[PDB]
């Protein structure tokens, strides 16, 4: 059935008007993109420019609409006319989507009834948790961390951007298949607000080759260059003028082995008989390793993997320096891994606390929000236009429209 189509194309299954925004949380629904405030109208969706300033209805789902009874001005004109709204879009991989298997599942120690309360949600989100991710999370982090996602920082900044997030990330995404993800991106070049796009394929280009020679399976600089260029041409024909595109470099995954190779996996904390070295070897034996290159005990193979990853980052940096586009400007950011570690030690944490316990590979919720924190502060200093201005009408919008309909 066409259910298969929605998941292969990473679009919601529950979406009557087929505008890619849902009233259903999971199955690529509003956990991934702003909730559709009218799933019966294809011309009502987050990110849209207001039709007649939403004097009669809320057409861009930011909760602002109607008219001020005093002067007959539409509220969205009084509160958003010059604030330069913009959306946040993530074109990412498993880390961008916040892949996460809760330790509470595999730990017999606490296997309470409350420990499996979140399972059908996780499974319907492909074990991803975009609603808690660093770029597009909107639910409160129940993790004792008061950092905010990039989207919530954009909303807090300008309450007109309410609900204008899109997490277009797929677990196995890379430069090799990003063309499919861009088809599922929603933006009308002439009818919607501009957007910030973060391209964050932080490892899959070097983390395939499960049944082959790992190095021979990795993306070459030439391949990635052509893939990303075609990627950017596509974006240029979808993104309203005045958008912004950030290319994120690849991760420094040598960190994984060094940090965990002799730490106890949660399935071995009780009996003390399992380490990540064992986990890495077990999954490598089964040819199901999420990253053979970096999860190896063979430190030459790990060195070749980091070298390729660094070579691919410099390719992305070269593209951001020498290519221009009419509808967006283009930037490059390094993987702020080192800066994330310094900031995390100050908070009394240790490095191994920044990696998913179960898979020992993806950054966890804590690290992602720290990566968002570093990106937000760095974009401010260098490229202030990318994030826009603070909107003086946040309290007033707050007083007229409350939660602005929620999420």
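Numbering follows the first chain given and starts at 1.
J.: Please work out which of 322-330 and 162-170 has the higher mean CA B-factor as recorded in the PDB entry.
T.: Taking the mean B-factor of the alpha carbons in each, 322-330 is higher.
J.: Averaging CA B factors per stretch from the PDB record, which one is higher: 220-228 or 251-259?
T.: Higher mean C-alpha B-factor in the PDB entry: 251-259.
J.: Among 58, 39, 343, 359, where is the Cα temperature factor highest, going by the PDB entry?
T.: When the deposited C-alpha B-factors of 58, 39, 343, 359 are compared, 343 is largest.
J.: Based on the PDB record, which member of 376, 45, 32, 53 exhibits the highest Cα temperature factor?
T.: If I rank 376, 45, 32, 53 by C-alpha B-factor, first place goes to 53.
J.: Check where residue 151 lands among this chain's C-alpha B-factors and tell me if it's the lowest, middle or highest third.
T.: It falls in the bottom third of the chain.
J.: Based on the entry's values, in what third of the chain does the Cα temperature factor of residue 189 lie: lowest, middle or highest?
T.: Tercile = middle for this residue's CA B-factor.
J.: Comparing residue 104 with the other modelled residues of its chain, is its CA B-factor in the lowest, middle or highest third?
T.: Residue 104: CA B-factor falls in the highest third of its chain.
J.: Grab the CA temperature factor for residue 82 from the record and place it in the lowest, middle or highest third of its chain.
T.: Within its chain, residue 82 is a highest-third residue by C-alpha B-factor, going by the deposited values.
J.: C-alpha B factor of residue 299, ranked within the chain: lowest, middle or highest third?
T.: Its C-alpha B-factor, which the entry lists for residue 299, ranks in the highest third among residues of this chain.
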